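Inspection log for the structure reproduced underneath, given as structure tokens.
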Amino acid sequence: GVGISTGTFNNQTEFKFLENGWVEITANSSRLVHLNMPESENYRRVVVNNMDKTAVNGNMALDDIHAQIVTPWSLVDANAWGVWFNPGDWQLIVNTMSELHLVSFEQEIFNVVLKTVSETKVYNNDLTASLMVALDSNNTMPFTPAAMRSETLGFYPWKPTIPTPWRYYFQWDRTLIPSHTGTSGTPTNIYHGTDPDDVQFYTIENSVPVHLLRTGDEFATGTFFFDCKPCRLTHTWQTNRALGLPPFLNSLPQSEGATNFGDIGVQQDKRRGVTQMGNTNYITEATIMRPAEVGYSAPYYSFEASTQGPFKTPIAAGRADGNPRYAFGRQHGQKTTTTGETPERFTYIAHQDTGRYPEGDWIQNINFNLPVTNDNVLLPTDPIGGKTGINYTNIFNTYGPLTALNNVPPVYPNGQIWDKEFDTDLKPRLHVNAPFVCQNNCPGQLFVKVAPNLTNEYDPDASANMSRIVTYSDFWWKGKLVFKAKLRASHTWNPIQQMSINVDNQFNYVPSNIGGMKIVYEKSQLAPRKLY
Amino acid sequence: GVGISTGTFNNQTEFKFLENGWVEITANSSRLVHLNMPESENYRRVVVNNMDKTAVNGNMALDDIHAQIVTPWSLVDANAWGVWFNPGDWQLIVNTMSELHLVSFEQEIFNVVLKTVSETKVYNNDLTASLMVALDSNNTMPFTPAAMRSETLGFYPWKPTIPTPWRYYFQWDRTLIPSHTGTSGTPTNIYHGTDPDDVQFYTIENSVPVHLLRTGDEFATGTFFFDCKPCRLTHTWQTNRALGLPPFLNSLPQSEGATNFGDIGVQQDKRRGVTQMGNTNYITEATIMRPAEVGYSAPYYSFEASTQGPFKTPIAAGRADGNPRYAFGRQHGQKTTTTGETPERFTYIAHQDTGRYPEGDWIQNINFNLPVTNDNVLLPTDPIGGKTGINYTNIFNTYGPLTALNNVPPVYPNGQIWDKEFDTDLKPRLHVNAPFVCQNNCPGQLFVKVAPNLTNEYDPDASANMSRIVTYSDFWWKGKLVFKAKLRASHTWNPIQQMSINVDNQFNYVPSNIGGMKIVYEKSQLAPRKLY
Amino acid sequence: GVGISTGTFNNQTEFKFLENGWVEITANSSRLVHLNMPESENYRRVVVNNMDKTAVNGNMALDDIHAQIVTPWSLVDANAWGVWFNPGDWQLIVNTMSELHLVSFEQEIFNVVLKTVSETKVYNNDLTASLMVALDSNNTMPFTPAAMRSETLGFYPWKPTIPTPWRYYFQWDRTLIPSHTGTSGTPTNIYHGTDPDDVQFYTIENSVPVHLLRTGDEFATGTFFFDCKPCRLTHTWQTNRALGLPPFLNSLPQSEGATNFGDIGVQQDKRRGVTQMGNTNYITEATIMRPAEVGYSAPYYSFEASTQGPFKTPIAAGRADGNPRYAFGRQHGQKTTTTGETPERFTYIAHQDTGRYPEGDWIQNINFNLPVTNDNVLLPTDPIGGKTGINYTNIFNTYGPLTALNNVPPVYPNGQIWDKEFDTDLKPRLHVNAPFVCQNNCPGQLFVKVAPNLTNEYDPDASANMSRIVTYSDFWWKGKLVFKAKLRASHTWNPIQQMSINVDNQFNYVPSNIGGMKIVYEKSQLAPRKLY
């Protein structure tokens, strides 16, 4: 009713230790969400064209042109690691576990309160106003994860958070011929418009049932059940130079020290083994046959254009290309007492050794006369196309049928958790934004809107926008995310790398004297893992 | 609902007389608690450093340095005797009973009312606002008894009371080298900081489930069941000079009078008995062998330093050291019509005779030539260290395997009732702040907060503190504390000491003409008890 | 038989994760023990008297005088942590667990091989010689733990280890009157002899059944079952200055920074609370009443003499007194490729804050005029006895009925695991050499000897020692130690201290190029724990 609570606040993380070494991790997240009324109750079709910045030659990468439908609805996103885990729970997981499954997810909206403002300002209660809630369970509306705009719910259980205004990409066409500082004319830079066979205008009212929650009701999305592969919390270190049986050392060092080395006491042209260089007698570590390839090379800072503009070709693993950079604000880890609109940024350098170092590659003629001459080598310091700053490693692809990679690691707290699979005929082998990827059906999005509150002077035959009573809502969101983890076992004599608190990172986990908090990023895949 | 009461007011004390001489004492306590909204909805880490007062040489005991987390939550404490008993019930208990067990405890919060202020000032009702209640049943949060800051609920059933803002000690390091008035330099007085391996930041949102009570709901903590030892309401008088069989008097007085004495008509070196002075023939009362020792000596006004500063070494029983001093204000016994911030103070001088009188101790050489010379005695008037004001009794410890002590008596109305046991490997034999000590699990603390009431202009990406609607709550607290008592029996010909009203303490129990009340302190252990 | 193996080598540590958060840890330890024949097959009564070093005035602490029976038997000890755990398993335990129980223990001796030397040197097999094994299951022989002489089995599973020659203390009397550099005469330094009422001569042949194992048999001590208390892997940080409810801060800092502090805006003589200074109005942090006392003070570098000489009074917890110093050799953690007889040493500084800092104590007169004068204070810089280097804190004991302590932490890898309880009427509350203490019956010792191998010229009526054939044994020892552990839960927002590998301690866990190994010491009680 009017004065009866409809739910309970719970923000605990429970660790239930089943035997056989399996753990259930139940993460409860509760927030107080504050929602304003839409700026306009209409769907808008807006085009963003930043011609002022791309008309300058050499600024292709600063393209921001697109078209989007702006919606009067807001989205409630909880697809980030920091909504569910504090630094202590994350330490426990990444120090004691080895794998991680994603089991279940459920949401509820309770304790709705709607208020009106009258302008001093007076805040009254609208006991009869309504909050529209929609849940896209059939996944008709376009998927829009907020974690890559950093617009999820906040990371602190004691801070009220806001939802983000929902919008999606409308089709458009764009051609942008690249240039450099010092091209003569004006390269083609035009927004062509929209192709009628790709137009798609979605509305929440025509696609999903909308519930009207007043002050005493309660929305509960039933438990969604995932079916995915486990994310591994162990990293690999073995490149192709560290696979298989090492060479036999005929001379071992006798005075243990710092610069005393071993010696393979066999000439390189008189050794035994298999090579894939069928015209050479040398057997070294750079030439011996390994089972497969760990990693691949990819053209870095490469931009492919399509019907809607240029985009950076994504890279699977990093070494600074391949290493994702995160920028975020005060709800999501930045010091809550800073001033200014500059976001906090960090580059996540993963522990896994699957990237390449292009300053160490080279191609040489098949003849293989070993002290290699100039005309029989292509080095990373050779001009390609006549450009001093472009070498062959920029246009190089060594992805073949032999490469072995790893999925991307979790990024606490700003990374995504799950992601929908592409609805294409042939699917990609991995995403670069989430450790988990929902295969067939994965959780629906939760849109909220505050119902229109009309005055007494409303005529729909007026072209001007309607006059509404200034209304806002504050409701409570609760979520349950269930994981399955395996506890790790020690297989080495030596201890391993663990995450810990020390004199340097001490004050990143306790608040300041004025209530300032922050959530620094933690690494996920700490313990090594034998690859082969 | 909105206009239905959710509980009943009850402040009666029921005495149920079971046979076999056992009584059940059910104490009901009901209060109206008034709660304001937090000054800031953030956790703060504050350091208090009173260097201005300790930089003066000789002021070590005036140290107030520490670090604390300040919390937006408030604590509801009922761990004081005056919450449960009025002077009449206390008289009945301490005059008719001999022991006292602690059986059960339960709490409830009902009849919640939330209001908003609009500034003249107008007070409106927020029928949809919420009061957050948390109950730390698993005892995760640090134990903070309010009775030693005198911050429990009030002692009068007809006076509205407030809860105290919750806070707890954060780790820190501090070194303070002592000095005196007349030391040359500047002794080391530095706040070293915080040691990363002892940092502990607790939050209520991450540890306990929080219920959101609106105007028509009701929180009830189930009945907690104690398991402790009985507190004795009888005091002992026998020191070591009054244990066992007295000496036989060969001459008894024949003219009964005031200065007519008896005489042990045997020389002291020709008496029979056991001594522990194996090189002497004298048998006196100071030398004869007693079973054990009643009490012990302890270094008085001794300060031990540790990683966080200096503290007074606690003493078990008093004789003025060992006698606790209580300071308190108008909610807790002071005349409710006084003016000024000076608190009311009293020292509790217990009835039990287990302390020492250092002006009567002395050590003498093992030779025991009885009229003792100077060089064979150490008196309480001899300088130790060259200090005129320090004698050996200040650095003296006679706690051995033979000492027998008593637990501390209840202190009405400002004393604590129960206390948690230390979570250490080896536990102390007694606490000096409560007669009862919970052994394994004892009642959880009750935190309250008034939920954030946001305006329409809230953006979490502002460094400034959020703007909230001025809200306050008044709710009703009810508690039931169940004791088991034994009724006392008369074993002497003579009557005993009882607590009573007389012409001197008459107006301490009735109010003044302007409604002024007060609760004076009463003694608990009145009747004697045979020790041996 | 002669060519059939009688057992299996197993040195694995299994972690069986039962649910409810309980783990069984099964530690298997297998070694190859090499045993020589006794130097003499007789029991010897030897007296060690180092009068040459104690006759110099001031060298009392260098006393080594005693009497011992030297035995032809050897002891096989496995009561050290490094026999059972490598650094990785120890990391797992001390990073994921919170408690630790001791469940079971069992031993076996298998694959016995006996050989004779004939002098070049020829090594032949004695298929008919015997190895005597004795197991003191009833605990008749004196308990002799090897870990405090660092004479247990080795810490490496791939290194052959030796047993230690068994011996025990025979009664003697000794008086040593102390002196200093600059005493006139010759203080009494005499070995008085042996008191006939305390003589105790034990023999293995008269007390325990001895099995004669030839090349094809197998000794198995059945599983011994412990019954003890759990060792906690969590440390406490709260001293007496950090117990209970902090003081209310009336002024909180408004500009969060480094030197901005809070202020208790109440004068010290106008505050509320309880003190144990019943003659003072000041309420500070050094004076307010705490529940009990955490730790105690003890006279440091104090030597008590008894019928057999002077000994250091043991201290429970350290702050450098109280901190145990370990010295050990190449079998037990020192770099196996070092040269010289100098042992490797380390002092274990525990994490727990229960010790005292005597440079911060002081005693002052009961009058308590706060800016304290000279004659009303006793400082740690005041001469006691006229000695410039001795102050009152050296003769100070604050162990009373209120002190709370912790048991000692495990010391990897050189610490003991279990220890027998003293067979006295009143037992000590803790040992300082082992976390676990067997209460009633705990495992018997395992003595080995190689049977006498006589020549053809043996006559027992010759006073000279018999001529034996030079024989030695190598057998295999296997042991199973079963623990029960609890997995720890995160109760704080902040992460905690964990043990890890880093660039500094990297090469302590991998061998050198010449096979050099070492086992550095690791700390055990890492995570904090709320005491009150």
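Going by the structure tokens order, chains are called A, B, ..., each with residues numbered from 1, while ligands are numbered from 1 in the order shown.
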field: Near-residue 474 (chain B) list (10 Å; only C-alpha atoms; drop same-chain fewer than 4 positions) as an NGL selection string
entry: :B and (32-36 or 110-115 or 131 or 160-162)
With chain A as the partner and 7 Å as the cut-off, tabulate the residues of chain B that qualify, each row holding the nearest pair of atoms and their distance in Å to one decimal, using only C-alpha atoms, sorted by chain and rising number, as a tab-separated table.
residue	atom	partner	partner_atom	distance
B:1	CA	A:3	CA	5.5
B:2	CA	A:3	CA	5.4
B:42	CA	A:515	CA	4.9
B:43	CA	A:515	CA	5.3
B:44	CA	A:515	CA	4.6
B:45	CA	A:513	CA	4.6
B:46	CA	A:513	CA	5.0
B:127	CA	A:3	CA	6.1
B:128	CA	A:3	CA	6.2
B:196	CA	A:502	CA	5.4
B:201	CA	A:510	CA	6.4
B:205	CA	A:11	CA	5.8
B:206	CA	A:12	CA	5.1
B:207	CA	A:12	CA	6.0
B:209	CA	A:10	CA	5.0
B:210	CA	A:9	CA	4.9
B:211	CA	A:8	CA	5.1
B:212	CA	A:8	CA	6.3
B:213	CA	A:5	CA	6.1
B:214	CA	A:3	CA	5.4
B:215	CA	A:3	CA	5.1
B:216	CA	A:3	CA	5.2
B:217	CA	A:4	CA	6.1
B:456	CA	A:472	CA	6.4
B:460	CA	A:331	CA	6.2
B:461	CA	A:330	CA	5.3
B:463	CA	A:337	CA	4.8
Print the selection's residues with N, CA, C and O atoms to a file, as a tab-separated table (two decimals), in the first residue's frame.
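What landed in out-v1.tsv:
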chain	number	residue	atom	x	y	z
B	1	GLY	N	-0.85	-0.41	7.94
B	1	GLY	CA	-1.01	0.60	6.91
B	1	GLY	C	-0.60	1.98	7.37
B	1	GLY	O	0.32	2.14	8.16
B	2	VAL	N	-1.31	3.00	6.87
B	2	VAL	CA	-0.96	4.37	7.21
B	2	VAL	C	-1.52	4.75	8.58
B	2	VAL	O	-0.86	5.45	9.36
B	42	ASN	N	28.49	9.86	3.75
B	42	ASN	CA	29.73	9.21	3.41
B	42	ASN	C	30.41	8.70	4.67
B	42	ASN	O	30.20	9.23	5.76
B	43	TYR	N	31.22	7.67	4.51
B	43	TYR	CA	32.11	7.24	5.57
B	43	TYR	C	33.34	8.13	5.57
B	43	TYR	O	33.90	8.41	4.51
B	44	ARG	N	33.74	8.59	6.74
B	44	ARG	CA	34.88	9.48	6.86
B	44	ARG	C	35.97	8.81	7.67
B	44	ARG	O	35.70	8.09	8.62
B	45	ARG	N	37.21	9.06	7.28
B	45	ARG	CA	38.37	8.60	8.03
B	45	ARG	C	39.02	9.83	8.65
B	45	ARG	O	39.66	10.61	7.94
B	46	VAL	N	38.87	9.99	9.95
B	46	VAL	CA	39.31	11.20	10.65
B	46	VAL	C	40.40	10.83	11.64
B	46	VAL	O	40.35	9.77	12.26
B	127	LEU	N	4.90	10.13	3.80
B	127	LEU	CA	4.29	8.82	3.92
B	127	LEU	C	5.04	7.75	3.15
B	127	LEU	O	4.85	6.56	3.42
B	128	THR	N	5.91	8.14	2.22
B	128	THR	CA	6.62	7.19	1.38
B	128	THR	C	8.12	7.15	1.66
B	128	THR	O	8.82	6.34	1.06
B	196	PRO	N	49.66	-1.00	6.86
B	196	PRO	CA	48.73	-1.54	5.87
B	196	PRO	C	48.19	-2.90	6.21
B	196	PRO	O	47.13	-3.27	5.68
B	201	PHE	N	38.16	-1.65	7.07
B	201	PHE	CA	37.11	-0.69	6.76
B	201	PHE	C	35.80	-1.47	6.63
B	201	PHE	O	35.59	-2.20	5.67
B	205	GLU	N	26.31	-1.64	4.70
B	205	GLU	CA	25.66	-2.08	3.48
B	205	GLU	C	26.26	-3.38	2.95
B	205	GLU	O	25.57	-4.14	2.27
B	206	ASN	N	27.52	-3.64	3.25
B	206	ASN	CA	28.19	-4.83	2.75
B	206	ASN	C	28.17	-5.98	3.75
B	206	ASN	O	28.59	-7.08	3.40
B	207	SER	N	27.69	-5.76	4.96
B	207	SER	CA	27.78	-6.76	6.01
B	207	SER	C	26.44	-7.25	6.53
B	207	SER	O	26.34	-8.41	6.90
B	209	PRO	N	21.96	-7.28	6.23
B	209	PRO	CA	20.78	-6.92	5.45
B	209	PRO	C	20.05	-5.76	6.10
B	209	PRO	O	19.87	-5.71	7.32
B	210	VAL	N	19.62	-4.82	5.27
B	210	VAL	CA	18.97	-3.60	5.72
B	210	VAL	C	17.51	-3.66	5.33
B	210	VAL	O	17.19	-3.89	4.16
B	211	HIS	N	16.63	-3.45	6.30
B	211	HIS	CA	15.21	-3.37	6.06
B	211	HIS	C	14.79	-1.92	5.94
B	211	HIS	O	15.28	-1.06	6.68
B	212	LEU	N	13.89	-1.64	5.01
B	212	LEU	CA	13.39	-0.30	4.80
B	212	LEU	C	11.98	-0.23	5.35
B	212	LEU	O	11.03	-0.67	4.70
B	213	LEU	N	11.84	0.33	6.55
B	213	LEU	CA	10.56	0.44	7.22
B	213	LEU	C	9.92	1.77	6.85
B	213	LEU	O	10.49	2.83	7.09
B	214	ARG	N	8.72	1.69	6.29
B	214	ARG	CA	7.89	2.86	6.08
B	214	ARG	C	6.97	3.04	7.29
B	214	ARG	O	7.21	2.50	8.37
B	215	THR	N	5.92	3.84	7.13
B	215	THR	CA	5.12	4.26	8.27
B	215	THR	C	4.33	3.11	8.90
B	215	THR	O	3.97	3.20	10.08
B	216	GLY	N	4.11	2.02	8.19
B	216	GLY	CA	3.24	0.99	8.71
B	216	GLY	C	3.84	-0.38	8.92
B	216	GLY	O	3.09	-1.36	9.02
B	217	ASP	N	5.15	-0.49	9.00
B	217	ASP	CA	5.79	-1.77	9.28
B	217	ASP	C	6.54	-1.72	10.60
B	217	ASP	O	6.60	-0.71	11.29
B	456	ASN	N	15.31	17.20	-6.98
B	456	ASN	CA	15.27	16.90	-8.41
B	456	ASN	C	16.57	17.23	-9.12
B	456	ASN	O	16.73	16.85	-10.28
B	460	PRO	N	25.50	12.56	-9.70
B	460	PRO	CA	26.58	11.96	-8.91
B	460	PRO	C	27.97	12.40	-9.34
B	460	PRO	O	28.93	12.18	-8.59
B	461	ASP	N	28.11	13.02	-10.51
B	461	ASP	CA	29.39	13.50	-10.98
B	461	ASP	C	29.72	14.90	-10.48
B	461	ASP	O	30.57	15.58	-11.08
B	463	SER	N	31.37	16.90	-7.33
B	463	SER	CA	32.20	16.66	-6.16
B	463	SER	C	31.54	17.12	-4.87
B	463	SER	O	31.83	16.57	-3.81
message: Run DSSP on the backbone and tell me which residues of region 23-208 of chain B come out as strand (DSSP E); list them as a ChimeraX atom specification.
response: /B:23-36,44-48,66-75,97-118,122-125,131-135,164-170,173-176,189-193
message: List the spatial neighbours of residue 308 (chain A) as number ranges by chain - criterion: any atom at most 12 Å away, only C-alpha atoms, same-chain residues fewer than 2 positions off excluded.
response: A: 63-67, 169-176, 189-195, 304-306, 310-311
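Among B:133, B:94, B:177, B:153, the residue with the shortest atom-to-atom distance to residue 77 (chain B), counting only C-alpha atoms, is B:153.
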- request: Pick out the residues sitting within 9 Å of residue 19 (chain A), and hand them over as a ChimeraX atom specification; count only C-alpha atoms, and ignore anything fewer than 3 positions along from it in its own chain.
  value: /A:22-23 /C:16-23
Find the residues around residue 402 (chain A) up to 9 Å (only C-alpha atoms counted), leave out those fewer than 2 positions away in its own chain, and share them as a tab-separated table (two decimals) with N, CA and C atoms, in the first residue's frame.
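selection35.tsv, written as the output of this step:
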chain	number	residue	atom	x	y	z
A	291	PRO	N	54.76	-27.17	-31.81
A	291	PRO	CA	53.43	-27.71	-32.18
A	291	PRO	C	52.56	-26.74	-32.94
A	292	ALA	N	52.36	-25.53	-32.42
A	292	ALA	CA	51.50	-24.56	-33.06
A	292	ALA	C	52.06	-23.18	-32.76
A	293	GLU	N	51.23	-22.16	-32.92
A	293	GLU	CA	51.63	-20.78	-32.70
A	293	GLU	C	50.79	-20.16	-31.60
A	294	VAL	N	51.43	-19.45	-30.69
A	294	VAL	CA	50.77	-18.82	-29.56
A	294	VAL	C	50.67	-17.34	-29.85
A	399	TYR	N	47.66	-14.41	-38.77
A	399	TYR	CA	46.62	-15.29	-38.25
A	399	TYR	C	46.39	-16.42	-39.24
A	400	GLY	N	46.67	-17.63	-38.82
A	400	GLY	CA	46.49	-18.77	-39.67
A	400	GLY	C	45.72	-19.86	-38.97
A	404	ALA	N	46.92	-20.17	-31.48
A	404	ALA	CA	46.20	-20.40	-30.24
A	404	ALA	C	46.19	-19.12	-29.43
- line: From the list A:349, A:73, A:397, A:467, the nearest residue to residue 453 (chain A) using only C-alpha atoms is A:467
message: At a cut-off of 12 Å, using only C-alpha atoms, what residues contact residue 488 (chain B)? Leave out same-chain residues fewer than 4 positions from it and give the result as a list in words.
response: residues 20, 21, 22, 23, 92, 93, 94, 95, 96, 97, 98, 99, 100, 232, 233, 234, 496, 526, 527, 528 and 529 of chain B
Long-range neighbours of region 52-62 of chain A as a PyMOL selection string, 6 Å cut-off, only C-alpha atoms, 5 positions minimum in chain: chain A and resi 179-181
